[PDB]
Each structure stands twice: as structure tokens, then as C-alpha cells.
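S.K.: Residue numbers (the authors' numbering), protein chains in the order written: chain A, 2 to 56; chain C, 2 to 56; chain B, 2 to 56. C-beta: ideal position from N, C-alpha, C; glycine also. Provided herewith is a single structure, encoded as C-alpha cells, for subsequent inquiry.
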Amino acid sequence: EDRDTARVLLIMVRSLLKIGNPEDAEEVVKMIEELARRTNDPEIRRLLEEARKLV
Amino acid sequence: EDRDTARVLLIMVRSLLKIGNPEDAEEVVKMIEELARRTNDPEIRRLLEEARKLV
Amino acid sequence: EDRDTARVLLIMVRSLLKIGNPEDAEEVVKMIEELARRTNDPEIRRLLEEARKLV
Ligand SMILES: N[C@]12C[C@H]3C[C@H](C[C@H](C3)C1)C2
């Protein structure tokens, strides 16, 4: 499920920031963004914005 | 491949508990439950059970 | 995408080494190996060698 992959990637973003690695978190944000592009899901869009906001 | 996904998610569950985020770990258990429900693989079911036990 | 998956796994290798679970880090390298063998994608093999160097 596309939405499920996006929620796992958001959790990765949060954890990567917690261990002081925003450069890896930002790499994952890019994947959520391409997920939001391929689909048209406003939930995946919401997760992308939350991810960008944490980063 | 579905079994490798289950293994990756289990490692995430373990890692998230290690860094003190059981709420995110539980969310990853839910992702393994969705995987187990669309597959029916005895090893995926075994990985889901041992993730459940960490939580 | 398989390349996105390999990037996610490399990030997991680095993060797992950072939190002190080299054994899980090595398991994820194994998954990159599986991915590298199924695909023979040259970028996935590059990411594999990057992961191996960290371990
Ligand atoms: N497709 C994915 C499988 C596994 C869980 C999550 C993050 C990574 C590893 C890629 C989705």
C-alpha cells in the first residue's frame, strides 16, 4: 500500500532526526515526495508536509 | 520481496524501541499486520509474532 | 523502485550501526545483497559496496 509505505518513511524521517542525521532524513523526504507525485493521495501529501516540517 | 519487507519492518520495530519510541514501533507492527493479511506466508506470520512480542 | 529501496536500506545500515546494532546492520546488508542479485542494477551494486564499507 502506497499510504503504508509513506507512513513508514515518515517514521524513518522522525527517527533519523532523533539520531542527529537530517541529511538522511532529507533523502527520505525526497522519496515521500516522489510517492506523492506518483499517486495523487492527499494523505500522502499530508505526510509529506509533516515530514518537511520536522526536517 | 515480501519476506524481506517483513524482516526490515521487524528490525525497525526493534530499533524504535531501542531509541524510546514505542508508539512508532506499534505503528510498524500495524504495517506488518497489513503485510501478513495480504500474503499468508508462515515466515511473515512468524516475524509478525516476534515483533508483537518486542512491543 | 528498487533503487529507492536500496537507498532506504543503506540509510538503515548507517543508522543501525550508529545506535549500536551491527548485527541488524549486517542483516540489512544481506537484503541489499538479495536486491543486488535479483536486479544486477549498477547503482544498487554501488549502494551495496557503500553499505559494505560501513560494516
Ligand atoms: N517498500 C518498503 C519496504 C520496507 C518497509 C518500508 C521502507 C522500506 C523497507 C521500503 C517500505
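I'd like to know whether the C-beta atoms of B:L48 and B:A7 end up nearer to each other than 8 Å.
M.R.: Yes; because the gap between Cβ atoms is below 8 Å, this pair is in contact.
S.K.: Within the continuous alpha helix (DSSP H) that includes A:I20, where are the two ends?
M.R.: No alpha helix (DSSP H) contains A:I20, which DSSP labels as neither H nor E.
S.K.: What number of angstroms, rounded off, separates the C-alpha of B:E51 from the C-alpha of B:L11?
M.R.: Spanning the two alpha carbons is a distance of roughly 8 Å.
S.K.: Say the cut is 7 Å; is the CB of B:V56 nearer than that to a heavy atom of ligand 1?
M.R.: False, no ligand heavy atom lies under 7 Å from that Cβ.
S.K.: With a threshold of 7 Å (Cβ to nearest heavy atom), would B:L36 be considered close to ligand 1?
M.R.: For ligand 1, not one heavy atom lies less than 7 Å from the Cβ of B:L36.
S.K.: At a Cβ threshold of 8 Å, is A:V30 touching chain B?
M.R.: For A:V30, the answer is no, since every Cβ of chain B falls outside 8 Å of its Cβ.
S.K.: Please determine if the stretch 19-29 of chain C and the stretch 16-35 of chain A are in contact, where contact requires at least 3 C-beta pairs separated by less than 8 Å.
M.R.: Flag = yes, the stretch 19-29 of chain C and the stretch 16-35 of chain A touch.
S.K.: Verify whether the separation of the beta carbon atoms of B:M32 and C:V30 is less than 8 Å.
M.R.: Cβ distance not < 8 Å, so B:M32 and C:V30 don't count as in contact.
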